[PDB]
Each structure stands twice: as C-alpha cells, then as structure tokens.
Amino acid sequence: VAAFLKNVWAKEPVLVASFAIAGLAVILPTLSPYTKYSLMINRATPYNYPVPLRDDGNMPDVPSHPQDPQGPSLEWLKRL
Amino acid sequence: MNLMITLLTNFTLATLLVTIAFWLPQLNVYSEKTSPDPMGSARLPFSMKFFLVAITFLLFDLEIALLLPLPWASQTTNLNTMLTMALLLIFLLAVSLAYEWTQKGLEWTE
Amino acid sequence: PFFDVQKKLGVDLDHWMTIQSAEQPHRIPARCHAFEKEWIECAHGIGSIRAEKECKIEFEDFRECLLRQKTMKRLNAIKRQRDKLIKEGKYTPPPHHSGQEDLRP
Amino acid sequence: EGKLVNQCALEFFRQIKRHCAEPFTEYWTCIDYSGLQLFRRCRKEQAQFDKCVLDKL
Amino acid sequence: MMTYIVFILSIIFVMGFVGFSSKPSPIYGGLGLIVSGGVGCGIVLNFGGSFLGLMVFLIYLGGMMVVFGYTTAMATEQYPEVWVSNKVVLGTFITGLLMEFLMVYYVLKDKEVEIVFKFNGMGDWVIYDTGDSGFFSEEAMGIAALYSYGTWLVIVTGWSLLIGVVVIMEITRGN
Amino acid sequence: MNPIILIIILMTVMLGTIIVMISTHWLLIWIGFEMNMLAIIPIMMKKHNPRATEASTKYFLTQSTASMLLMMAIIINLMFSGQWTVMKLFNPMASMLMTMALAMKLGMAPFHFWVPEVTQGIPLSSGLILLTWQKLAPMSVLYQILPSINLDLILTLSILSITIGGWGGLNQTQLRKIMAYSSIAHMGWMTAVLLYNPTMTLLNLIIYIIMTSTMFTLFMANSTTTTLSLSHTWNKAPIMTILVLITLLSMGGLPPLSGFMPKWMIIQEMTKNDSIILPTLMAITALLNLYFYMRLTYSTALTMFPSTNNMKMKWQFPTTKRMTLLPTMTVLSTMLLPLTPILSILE
Amino acid sequence: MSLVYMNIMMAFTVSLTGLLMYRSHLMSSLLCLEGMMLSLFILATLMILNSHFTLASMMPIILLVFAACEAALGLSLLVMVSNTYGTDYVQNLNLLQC
Amino acid sequence: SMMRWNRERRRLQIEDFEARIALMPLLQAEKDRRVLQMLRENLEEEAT
Amino acid sequence: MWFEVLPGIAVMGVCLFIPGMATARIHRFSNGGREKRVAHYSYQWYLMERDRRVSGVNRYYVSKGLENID
Amino acid sequence: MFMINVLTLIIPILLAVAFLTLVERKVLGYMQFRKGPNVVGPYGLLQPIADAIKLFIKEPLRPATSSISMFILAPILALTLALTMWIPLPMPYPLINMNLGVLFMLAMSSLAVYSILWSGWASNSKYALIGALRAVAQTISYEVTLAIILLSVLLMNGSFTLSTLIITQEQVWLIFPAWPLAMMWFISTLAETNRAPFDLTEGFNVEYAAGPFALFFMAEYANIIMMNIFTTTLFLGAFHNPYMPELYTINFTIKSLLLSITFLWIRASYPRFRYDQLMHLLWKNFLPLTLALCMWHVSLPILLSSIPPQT
Ligand SMILES: CCCCCCCCCCCCCCCCCC(=O)OC[C@H](COP(=O)([O-])OCC[N+](C)(C)C)OC(=O)CCCCCCCCCCCCCCCCC
Ligand SMILES: CCCCCCCCCCCCCCCCCC(=O)OC[C@H](COP(=O)(O)OCCN)OC(=O)CCCCCCCCCCCCCCCCC
Ligand SMILES: CCCCCCCCCCCCCCCCCC(=O)OC[C@H](COP(=O)(O)OCCN)OC(=O)CCCCCCCCCCCCCCCCC
Ligand SMILES: CCCCCCCCCCCCCCCCCC(=O)OC[C@H](COP(=O)(O)OCCN)OC(=O)CCCCCCCCCCCCCCCCC
Ligand SMILES: CCCCCCCCCCCCCCCCCC(=O)OC[C@H](COP(=O)(O)OCCN)OC(=O)CCCCCCCCCCCCCCCCC
C-alpha cells in the first residue's frame, strides 16, 4: 500500500496524478471552511427584484428602508 | 445582422479566392496531358479501430455536451447537488474511459 | 401499469419539468403562467371527464394564450382592412404609426 | 402611483441640479464612456460625487 | 423582405431535406443534412436560442455528422466524375448552384403569398423579446438548471451514455 | 459476453422499462424507451452471427422510427397543451401519432413486418425478452393515454393484428416465427379490450407473458428451433413432450385451460358495450390460430415421429440446463381458470 | 396552426417519406432518421423558447444526447453489416425471409 | 489571487444588480405607460 | 545574424496590430468618441433602447444629461 | 462603416499569414544553423509575394475528382472557417462582440474537419482517403481535450464571453492557477492544426492544384495564428486601459508573436510521433489528467468561495 504506491508512481505517474487530483477534488470541498461562503454568496446575489411586503402591523424582522438596521446584511462579504 | 454580413463577406472572399485560384491559371493553354499512388486498383478494406475512435469521440462529445453548462451552474443556490452532479458526470466520463481502456478498446491507436 | 413510485416514496424525479407554473430558476415566469395556473386549479382533482366539459373556458383561454390564433386572426383582419383602405385612398396613417413622433420615455 | 414615481424621480434630479450638477456631470461622463458602464472604472469621480452630495445635501 | 427571415430559412430548411430525402448518395445526403443543420440552426439562433444553436453546431454537426461522414467515407467505394478543364469542373458547379438559388427564389410566388399574407406572422410571431428578462439569458439559466433540478435526468442520461459505451464495445467485437 | 456486463445490461433493460412505467413526464417516457432499445441491442447479438446483425438492424430501424414518432407526438402535445404530464393527449393528431408509434413498438399490424424476422434472427432467450418484456412499456403508455386513443384506429389495428397473426401461422415450420405471429395476434387481443376495460388488457398481458415464457423455456430446455426439430422430443425427454403442447393448447385459447381466460373475459367486456360482431370475428380468427397450432400439436404428440440413431446417446445424459420456473410457469399457464376472479387484483 | 411550425413539420414528414422509401443504402436510412431527429430538435426548441418555459430548455439537449447516442448505435450496426457483405446494401439484409 | 479577485468581482456584480434594482421602479412605470400608450393608439386607429 | 528575422516579425506584428487598432478607432468613431455599448443581456438592451428613444435623434450614443430635465 | 471593419480584419489576416511563411523560414533557418530567404527581397521581404504569384499561376493538375462539389467546397469551407474564428477575438474589443464567443469558436473549429474529409473523398485515391480518415480521427480526438480544458479554464471566468476573459485576468495571468491546463492546451492546439510533432500529413489534399493547396495552406496558418492569439487571450491576458486600447493591442500582439515563434521553435526541435503514440498521448495521458483537472476546477471555486460572476 506504500511499495505499490512507489511502483505506480515509478511506472505511471500520469494516472497517479489524475487519481490524486480527482480524490482531492472530491474530498476537499467538505474539509474546507470556505465552502459555506460559496453558498452564501450565490444566495445573496440579487438577480430579481426584492418584492416588498404589505405592512400588516407586526413584522419586527422586516425593515422599512434599505438603510435600516434589521434585514440581511453583507458585512461579512465586504470584510471577509 | 453584423454577424450575417461578416459571414457573407468571409464566404465571398473565400469563394473569390477559390475562383481566382481556378480561373487564373486556366488562362494558360499549357498542355492537355494524359496517362493517369500506393494502390493501383485495390479496394478499400475497412478498419474497425478508426470506427471505434470515431464512436468514442461521439460518446465523449455527448458527455462534454452535458458538461458545457457548468460555468452557469456554478451560480446556483443548490451548490451541494450541483457539485455532486458535476463530479458524477465527470466520473462517468472517466468510467467510460476506464472501460474503453480495460477491454482493449484503446489499442493500436492507444 | 403506472406504478407511482414518486408519490409512494416521496421523491421528485420529474414533476418539476412537467408544467410551466412550477418552481422556475430565478422565479422566471412563463408566457402563460396565469392561464395555465387557472386551468390547473380549475381542473384539479375532479378527473378528466369532468375537466373537459367543466373547465373549457379556462382551457380555451390557455390554448389561445399558447397559439395566439384568434389574436393573429384579429391582427390579420385589421391589417387587411388597413391595407385595403390605403389601397383605395380612403384612409391616411397617423404620424405615430409612420415614425415621426419621438417615442415616449 | 407610477406617476408618483415620476413625481419623485424628477425632484431627485432637480435637487442634484441645484447643488451638485458639476461633480454629477463629471461622474456620469466617466460612467458613460465604458461599454459595460463599469462602476469600477470611476472611483475618484464617485468619491467626489459622494463627498459633494454628503456635504451639500 | 428582411422581416420574414426566419420563415425564409424555414423554407430553405424544408428544401434542404428534399436535397437528401430523395437520397442521391449517402455522401451528398450527408452534405444536404449539414446544410439543413446550418439553416435550422439559423432558425434556432434567431429566437435568442444561442446555446442551443451552438449545440447544433458543436454536437449535432461537428460532433455527430462528422461521424456520419466518417463512417460513410469508410464505405460506398468511390468513382471519378467529370474532370474537363475549367468550363466544366467549376463552371457547371456555379451554374448549378445559381439554379439552386433560382429555385429558392422561385418558390416565393403567387401560391406562397396567399399563405404568407393571410397568415402574417412577422409583425406578431417572434415574441422572444417581449419585455425584459434581466441580467441573464432565460435559456442559459434553464440549461444551467440541469444540475440542481435535473438530478434524475442527469443520472439516467449519464447511465445511458455509459451503457452506450459498453453496448458499442460489445457489439463491435465479433467474438 | 462478460457475465457482469450481461447483468448490467439486463438491469439496464429493466431500468428502461421501469422508467417508462413510473414517470409522470413525457421526456422520461422517451428516455426509457431509448434506454430499453440501447440496452437490448447486445442481447440480440449474443452469438455474433450475420442473422443477429440483420435482426438487430431491422429492430433498430423500426424502434427508432417509433421513438421519433413518439417524440413528434410529445412535441405536438406540448404545442396544444404547453405541458408534459403523462395523461390524455390534447390533439387527436398527437393521439394518432402516439397510437401508431406504440403499435410500431409492439409490432402490431400493419407495423408487424419486423416481428417474425427479428425473432427468427436472435436466440431463444432474447426472443423471450423481445416477446415478453418489451411489451410492458408500450402497453403501460397505452394504459396511461386511453382517454385520447381513437376508438376506430385502435379497433382497426386490433382486428388487423388478429387476422394477420392468424394467417401468418400457416406456412411456418420455425417455432420462433410461430411465437411471433402468436405475439401479433395476442397484441390485437390486448388492444381490442383497451378502451372498454384495461384490467382485461393487463389480464391478457399477464396470461400471455406466462404462456410465452413457458413456451420459450421449453424451447430452451429442448434446444429446438423448428417444428421438425421439436418432433424428436418424444424420444429424448417424454415429459417435455406434452407440456409444450398443453401450453400451446392454452396459447390457442381453449377451455378449461387458462389461455381461455383472457379472450372470454375480453368478449365479456365487449358484449357489455354492445359490440357483438367484433368479438365474434376476432375469436373466429382465434379459432384459425387454433387450426394452425393444433396442426403443430398433431405434429409433435402424433404422426411425424421418427428418430435418428444418435438420440440413443442423449439417453445417457440428463438435462443439466436451468429450466427456471418451468414447472411453476407450466402450472400457471394451464390450471389457472378456476381462479379467474383473481383478475380484480389488476385494477 | 402556425406557419414556421408547419414548415418544421413539413421537413419532418419529408424526411419521414425519405425514411420510408429505401433506395439502396442503410446510411441513407440513418441520414433520414437523423434528419427527423434534427427537425424534432428545431421544433421542440422553437416551442420552448416561444412560451419562455425555462426548465424545458435542457430538454432539446437531452433530446439531442440520447438520440445522438442512438445514432452511434445505428452506425455500429451498419458497420457490422458492412463487415459481412462489404457493402451496406439493404438487399443483403434478406436472410430472415425463412 | 483568483480567490481575492473573484470575490471582489462578485461584490461588483452585487453593486451593479443593486443599481438595477434601484432603477427598476422607474423603468417599470415607464414600461407600463409605454404599453398603455401603444395600446390606446392601436385601439383608436382600430376604431377608425 | 539572429536579428535578420526581425523585419519579417515586425511586418507580421504590424499586420496583427492593424485589426485591433482599426476596430477600436471605428468603435470610437461610430459611437460619439466612446466605446461601443455591450448588450449581452436584456437589461442592457432595454437601457440602450431607452437611450435611443430619449436622445430624439435615433442614436443611443447621444447622452442627455441634467439639461434635458427642468 | 462596419464593412470597413470587416475588411480591416480580413486583409491583415491574409497579409500576416503571407509573412508567417517568411518568419517560419527565417526562424527555422537560423535554428538550423543556416540562413532563411534573403535574396528575393531585402532580407527576404518579397519571398511571400513571389511564392504567392508562383502558386497562383501554377498549372492545375487537371484533377480526377470523385466529386466536383466537395472538391470546391473543401477550400471554401477551410477559408471561411479560417476567417470566422477571428470575429469574436477581443483585441481588446472584437469585431463581433457575442456572449458565447468561446463556444462559437469551439463549434466553428469542430466544423473544420469537413474540409479534410471532403478533400479526402473528393480525391479518387484510397491512400489519400485513408490519410484523410487518420487526420480526421486525430483532430476530433484532440477536440475532446480542447473542450474539457476550455471548460475547466472558463470555470474561473464566469461565462463564455471572450471580453470577460480580459476582466478575469486583470490581477494575475490565468496561467498561474491553470498551468497544467495551459501546457496540455498548448500541446492540444499543436495537435489540432496537424503541426509538428503531430504532422503526419507530411510523414491528403495533394489531389488539388498548387493554388487550392495554397488555400488550404493559408487556412492552416490562419488557424495557427488564431489559436496562438486565443491561447494568449486565454492564459496570458494582457493589461487593458479603456482610454488607450493600443496598449492591450501591442501587448497581446507581442505575446502572440512569441507564441507563434514558440510553434516555430517546437517544430525545429522534435521528431514526429507515430500515430498510435499520439493517440496514446491523447486517450491515455491527456484525458485522465484533463478530467481530473476538470473535477478540480469545478470543485475548487466552490471550496475557495471564488466562484466568478455570471455577468
Ligand atoms: C499557454 C502557453 C504555453 C504553456 C506551456 C507549454 C510550452 C512548453 C512546450 C514544450 C515543448 C513540447 C513538445 C511536445 C510535447 C509532446 C510530448 C509530451 O510532453 O507529452 C506529454 C507527456 C507524456 O508523457 P510520456 O509520453 O513520457 O509518458 C509515457 C507514458 N507511458 C509510461 C504510459 C508509456 O506528459 C504528460 O502527459 C504530462 C502533462 C502535464 C502534467 C501536469 C501535471 C501537474 C501536476 C499534477 C500533480 C502531480 C503530483 C501528485 C499530487 C501532488 C499533490 C500535492
Ligand atoms: C475517488 C476519486 C475519483 C476517482 C475517479 C476519477 C479519476 C480521474 C482519472 C480517470 C482515469 C480513467 C482511466 C483509469 C484506468 C485505470 C486502470 C489502468 O490504467 O490500468 C492499467 C495500468 C497499468 O499500466 P499499463 O497497462 O502498462 O498501461 C498501458 C501503457 N503502458 O494500471 C495502473 O497504472 C494502475 C492505475 C490504478 C491505480 C492508481 C492509483 C493512484 C493512487 C493515487 C493516490 C491516492 C488517490 C486517492 C483515490 C484512490 C485512487 C485509486
Ligand atoms: C401487472 C404486472 C406487471 C409485470 C409483472 C412481471 C412481468 C415479468 C416479465 C418477465 C419477462 C422475462 C424475460 C426473460 C428473463 C430476462 C432475462 C433472461 O433472459 O434470463 C434467462 C436466462 C438467460 O441465460 P442464457 O445463458 O442467456 O440462456 C440462453 C442460452 N445460453 O436463463 C435462461 O435462459 C434459462 C431458461 C429459463 C428462463 C426462465 C425465465 C422466466 C421469467 C419469467 C417468469 C414468468 C413471468 C413472471 C411471473 C408472472 C408475471 C407476469
Ligand atoms: C503591414 C506591412 C506590410 C508590408 C508589405 C511589404 C513588405 C516589403 C516592403 C518593401 C521592401 C522593398 C521593396 C522593393 C524591392 C526592390 C524593387 C526594385 O527596385 O527592383 C528593381 C527592379 C529593376 O529595375 P531597374 O530600373 O532595371 O534596376 C536597375 C537599376 N537602375 O525594378 C523593379 O522591380 C520595378 C519596380 C517594382 C517595385 C515594387 C516594390 C514593392 C511593392 C510592394 C507592394 C505592397 C506594399 C504594401 C502595400 C500595403 C501598405 C501600403
Ligand atoms: C457548404 C456550404 C458553405 C460552407 C461555408 C459557409 C458555412 C460554414 C461556415 C460558417 C458557419 C456559419 C455559422 C453561423 C452561426 C454562428 C453562431 C452564432 O450565431 O453565434 C453568435 C451569436 C450567439 O451569441 P450571443 O451573444 O448570444 O448573441 C447575441 C445576443 N445578444 O448569435 C448571433 O449573433 C445570431 C445572429 C443571427 C443569426 C445568424 C444566422 C446565419 C445564417 C444561417 C446559417 C448559415 C449557414 C448554413 C450552412 C451551414 C453549413 C455548415
């Protein structure tokens, strides 16, 4: 499992490089901390119009102006 | 519109250069020549290996046709599913390549 | 033999591509989102036999939204009458259909 | 309501035209040059327009 | 004249199949199908289907019709044709193709305008630019959704392509 | 063929039929038919002889034409309905195209002209698959689109299929072509009762698959492909002699055997709907099938016996062949008629 | 119905009539079959782009890929025929008359 | 380097999209008045 | 010696420099001294046709500023 | 005004292809310890003009063609696809600015094998047909890794736009995160155009005259210059100031000349592959590494949160 690895690195380095790159491409998106930021950036990219809501009277988490405190903020994206 | 004009101008320049290349030395009255290669009168034998590499091109080209919208699919919200299906398509292209390997399909044009 | 595995197990294998009114990427509407939504909500759950004769108005509105055969028929009628009146010399086109009016926005 | 939009947009631009028409003109000319109209090519004119707007308005 | 252009291409498209459904040869059949693929791709591209037209070129024409011409050229043993000096070897080609465009322009006659003008599409047919879409081709994002939404579709398609490789390698063995 | 590759290809055939059976979408119907054809093409070429390549070529041409006509019917449905649910079709042009395409995939007449050829070109197990498993997917689509199927067209195809599958069985000594014309006649029987009671369609399908599988399993157990080669069964394995022929007496449609179970039930659903002439004509043609197949029964259980001397050597060796489910399928293809009201499980 | 759809259907039926009257070769049959597939691609594409139905835009590519794989299968069948007789003639494919 | 620059380009894409979002009410009101102008003109010329 | 290849390389380099310089100067000539408007998307084309309508002379590249509002 | 722009693209392409023959013969001269042409013009600057006037009045071979139409449509298609590959190339702004210029170029280069195939069948020779089938198999083989490498690189771009590819590389060259893709791309473009050491046609279109051979020749060299410019834009993308586009134009011109002379310097250095050895190079060396790097450049912007913008 180690002498076989040295043998296949001696005979066929192309397939060893291919299986190593493919194995890292499989495992490393889960072992990474920055993978969640890909999800967050792709879900915070505004392709549509943010259709507003009628104010029924009791919605504390929804702002009234873009320059309000509450609302989803992208301080993490500006700073990183 | 500009693309169609550009294609038409490229086609016109191509046909003009072909027409000049055929009609300009046919001004010459050089000689009418007679008496018409590694085979003289042999038929063509078919080769199975050339057809195998043509169909291998076609099947991997279909797999590439599936792989083509990946720079657009990177922008989606369901990145775990998108990554799984992208890796699954490239893995199936690799499994098709390994099956082409081990059944001696890539031999004498390896 | 319609073995509805997708309703037994609770998987969505091909329901998402089926109708236009389903969840589209980036919330893109179809051209006939309202008409197909009304034909589906009309004809839901009552079966095909009742759905043919009891939702024909919504279905014909949706078919005419798809093919636009009545709208193309109406535009051909109006354009034919307009061409006949321009040919007879009994009508003149307005400036806002001839191209001398410096469009709105 | 749409006309209300077209009532409030003009009063947006008039309030730029009374106070800060020249940094705004220098800014939208550099916006107007680019083919894709990049914000990333016009940062000093953006800083001048934002500075003059935060001051005068 | 320029308005009816998709319709014009469609007419040429129909005529293109009469190039090879009459079947003069498999090689000229492939040539007529390539020309028909190009003009049907022009029909696709003139509705804003840019990616699908480039799939016609890249996968149908440059991917598959290459293989059809390749397999045809490994069969149907060839023979020479007329090879006199330039009054035959290119002059007959130019007169024949001018008669082909004469046939293309020749069908737009009084039996055509009774269908064209009574059922005028151009003016109200091509409606792909009906309003705004945004910062994205809707057709591009619909093809992009093959990976997030089309999980089962990609599974059965990749399985069919793997089985296609296996099936071709089993039937083309002879043993 | 590599046995792992054989298992993968057979599971792909089953997967294509299952994708046609479970899908609510037309593209997946088309994908399942494409997968089914693509995977069944090496099953026909298991032996690599020119008759299998000819059979696979004819099968590819017919099934590909049927697949393209199916996709044109789907496209015309998307015109006149804007949707993709596998339900009734919203244009009788698309209905006629899908009915013609499914009749081509089943090999119903007048699109029957590939069924006795291809079944002749291929081995007995691949012919078994072609005449049992490949019926299941187009009959499932016909089960799911019957509010749009034209009555006159499906009855025309049904009675033409029964007449041509009847008069095909005269001039044949090949067992595989006789099973193919029996296939054509039984598909006419199945699509006769489709717009009246599709439970009897599924009953006829299950009884047909059981009888066809019993017959092909007996043909594989004896390795006989012609009538004249079947005629030596009495001297080699005498228990094999009658089971073929009581199963074929079932396949004609003859009481008290269970092959009388479909046709009678079909008549039992067509005299309800005031059609008296049409089941009368179809079952007179079934008696014509009895005529030719009873002549084959006389050929094997009686007159044309005589043996050759090398048969004496076959007496010193039993069948080591897998006769898989052959007693079960032989019991289920004859003695099922006293359990005829089991058909309610097929609703 | 509509006009350009009628043209694409006319091409489909013309390549069908070429696919139903064989002259000499099997390659002519495969070419008419793939002209049918091409017309199916064109007509599906114009419907899907017309209605702005977004998720079906992957459908013609699917309709391409499978069917192109189908064509590959057909080409391989032709090759095996041309390895037995030397030509791809459909009249060499008549041994299953008996 | 591609990490930092693709992240910055995503921030620029969000800035351009917010410019679009801030302009969409005016463009939608002008689009509404555009189509109603043209349909009223088509109605009056249809009536004459 | 080795610098003898440089006239041909220079001629080929001028022949490659001419198309890009040419299309940049034509884009600045036909668009009011500026770049050509890139409309890859429907929003860019919508703003572009809005410019063509607000300019009044059927030309998108005539920019109307604050002088066109009161 | 647009036709002026089309002519100022297509005439300097033909002049650059004409003088590429001079640059090739001079650089291959000095690398082979000899001189290249210097007698005809001053330092050889009239050798392309003399060669062109020689080839365009040379006798046609009176070809025994198996077809008229494919014999005429193979040089026509070769020149048309040689010219139309240039129209989306951003220099820094292309002739046809299209959203899918990369995919357009991949499609129009995948269509370029029909000139080879129609030249092969339009000859009566079975040996020329066998050579044409081998060339077609080689070219469609290497188009696979063209497509996969090109896709893997454009996973860092955001879209198939060639002008966006200039915006992508404003901070770093794209050869730094993608040099294995760069070197396999470069050998793959070397093997597309049947360029040495992949030139087994000199180891199919000899049925033609010398004039139509000059047409196939100049289409091949236009493809060489075009793929060098496309590789320059794709991996060594230059700095661009929108107020002075000539900086980008001179910069990618110098890089394109260096990469074309790198083709000229590869062809004067190596022996040819045997045919199965370059099929081994594609199907058993470049294709596993290329698929692994395709998986890598899919999954890498997801794990590094470096997913490029769509627009
Ligand atoms: C874009 C601008 C240009 C880019 C650069 C290109 C310019 C330089 C050109 C030089 C001249 C080329 C002449 C022709 C070349 C043709 C022959 C040739 O070289 O064939 C290719 C050769 C072929 O090798 P071969 O032919 O010797 O192999 C023999 C094979 N067997 C034994 C089976 C017979 O090499 C390759 O295929 C390698 C390609 C590049 C690989 C890059 C890998 C990067 C590293 C990955 C990770 C590895 C470690 C493992 C994981 C570690 C993790 C930490
Ligand atoms: C799980 C991650 C994703 C994996 C899938 C994606 C992979 C991308 C690359 C696809 C490659 C497709 C083709 C692979 C075929 C493998 C079989 C093979 O090549 O066997 C033959 C070979 C012996 O060489 P030979 O036969 O002589 O070659 C002819 C020329 N001389 O035999 C060999 O050379 C041995 C080759 C197999 C063993 C290689 C081991 C590499 C290990 C690298 C480190 C660990 C990586 C982690 C994953 C484990 C991978 C095994
Ligand atoms: C509502 C109902 C829904 C549907 C219900 C279920 C429908 C089932 C339809 C079954 C169709 C089966 C077709 C045949 C099996 C498929 C695989 C196959 O062919 O296996 C046979 C196998 C091949 O072995 P091989 O080595 O190739 O033999 C040839 C000589 N060398 O081995 C042999 O050749 C050995 C010989 C015996 C093979 C017997 C196979 C019988 C299988 C069918 C059983 C009966 C049907 C199922 C039960 C009733 C339900 C209808
Ligand atoms: C973007 C860059 C593109 C660059 C392309 C051009 C590259 C080459 C640049 C110029 C190189 C030198 C050209 C002159 C070569 C020598 C010609 C000459 O003088 O030949 C002498 C010959 C004999 O005449 P005779 O009078 O008898 O001499 C005895 C002395 N009394 O008399 C004659 O031969 C007669 C006179 C002929 C003169 C021909 C000169 C060359 C023509 C080139 C045309 C194309 C130029 C570029 C066009 C596009 C740009 C404007
Ligand atoms: C043997 C015959 C002769 C052989 C030599 C000549 C033919 C072969 C060589 C030339 C090939 C022609 C290719 C034509 C289409 C190329 C693809 C294409 O149009 O892509 C560009 C573009 C898509 O990009 P995108 O930015 O999305 O579009 C603008 C959106 N804002 O889309 C557009 O810009 C769309 C522009 C309008 C549509 C153009 C339609 C062209 C005419 C129809 C096809 C003509 C060729 C037919 C025969 C082909 C034979 C191979």
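Numbers in chain J come straight from Swiss-Prot, and the residues shown are 1-203, 211-318, in order.
From the backbone N, Cα and C atoms, a Cβ is placed for every residue, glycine too.
According to Swiss-Prot, the protein has these features:
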- J:2-22: transmembrane segment (TRANSMEM)
- J:68-88: transmembrane segment (TRANSMEM)
- J:100-120: transmembrane segment (TRANSMEM)
- J:147-167: transmembrane segment (TRANSMEM)
- J:172-192: transmembrane segment (TRANSMEM)
- J:217-237: transmembrane segment (TRANSMEM)
- J:253-273: transmembrane segment (TRANSMEM)
- J:294-314: transmembrane segment (TRANSMEM)
What stretch, picked from J:68-88, J:217-237, J:294-314, has the most CB pairs under 8 A with the transmembrane segment (J:172-192)?
-> J:294-314
Per the definition of 3+ C-beta pairs under 8 A with sequence separation of 6 or more, do the transmembrane segment (J:68-88) and the transmembrane segment (J:217-237) touch?
-> yes
What stretch of J:147-167, J:217-237, J:294-314 shows the most Cβ pairs under 8 Å to the transmembrane segment (J:2-22)?
-> J:217-237
Spatial neighbours of the transmembrane segment (J:217-237) far in sequence, C-beta under 8 Å, 6+ residues away = 13-14, 16-18, 20-21, 52, 54-56, 58-60, 74-75, 78-79, 81-83, 85-86, 89, 91, 105, 109, 112, 115, 119, 189, 192-195, 259, 263, 266-267, 270
Intrachain neighbours beyond the transmembrane segment (J:294-314), with Cβ under 8 angstroms and 6 or more residues off its ends = 144-145, 148-149, 151-153, 155-156, 178, 180-181, 184
